[PDB]
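Below you'll find only one chain, the form deposited in one PDB entry, shown as structure tokens.
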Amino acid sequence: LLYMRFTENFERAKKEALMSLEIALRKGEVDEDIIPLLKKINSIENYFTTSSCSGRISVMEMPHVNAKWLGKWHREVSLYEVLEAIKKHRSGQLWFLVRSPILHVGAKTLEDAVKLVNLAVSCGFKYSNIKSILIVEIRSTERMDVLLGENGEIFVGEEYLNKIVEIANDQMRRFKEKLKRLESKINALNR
């Protein structure tokens, strides 16, 4: 571990990361909500972004092994598309999930990494940290894991799901306001 070489092979890593982002943008694989932030981060000389994603809502079932996704959305969802996803449930535990946007950022030095973590935390991404895999991870706290059923049996009704959907979308909107806040302050990291 070298303080001035926080991310190993930074030049090459950034080159590869930019190439991967170009493809993602081309195919639309990139979550439009985080595009602005990704471009701003990569514009700063001492950073680059890798496998990242915007907030997302999902319906999935898992044994207790390898889960199966029944529905996946990267924006505010509607009641009926979630209902349709739930009707696909057949086995295991059925969960309705809300995930915060997550960004992985390479950094030239430890100082660069720490400054980014501190800035991200100040903008609402309280779970931002330095991850060992070293890389910076930016993540918020509005996560949700709602148990909806088990082994083909749904425990909740439509009105209940409508309430869960309303709350999930409120988190999605909160995520967006946070990305915008961070995006507007990230230029402060430029030297």
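Residue numbers here begin at 1 and follow the sequence given. Under this definition, the rigid core comprises the largest set of C-alpha atoms superposing within 1.5 Å between the forms.
- Unmodelled residues of the deposited sequence between neighbouring positions residue 26 and residue 27 number none; the chain is continuous.
- According to the record, 4 to 9 deposited residues between residue 133 and residue 134 are left without atomic coordinates.
- Mean CA B-factor, 99-107 versus 74-82: the higher value falls on 74-82.
- As recorded in the PDB entry, 53-61 is the stretch of 36-44 and 53-61 with the greater mean C-alpha temperature factor.
- The top Cα temperature factor in the record, among 159, 166, 145, 142, falls on 142.
- Looking at the C-alpha B-factors along this chain, the one for residue 188 belongs to the middle third.
- Sorting the modelled residues of the chain by their CA temperature factor places residue 138 in the lowest third.
- Compared with the other modelled residues of the chain, the Cα B-factor recorded for residue 128 ranks in the lowest third.
- Among the modelled residues of its chain, residue 176 has a C-alpha B-factor that falls in the highest third, as given in the PDB entry.
Same protein, other form: the form deposited in another entry, not shown, and the subject of what follows.
- After superposition on the rigid core, the Cα of residue 157 moves by less than 2 Å between this form and the one not shown.
- Core-superposed comparison between this form and the one not shown: the CA of residue 170 stays below a 2 Å shift.
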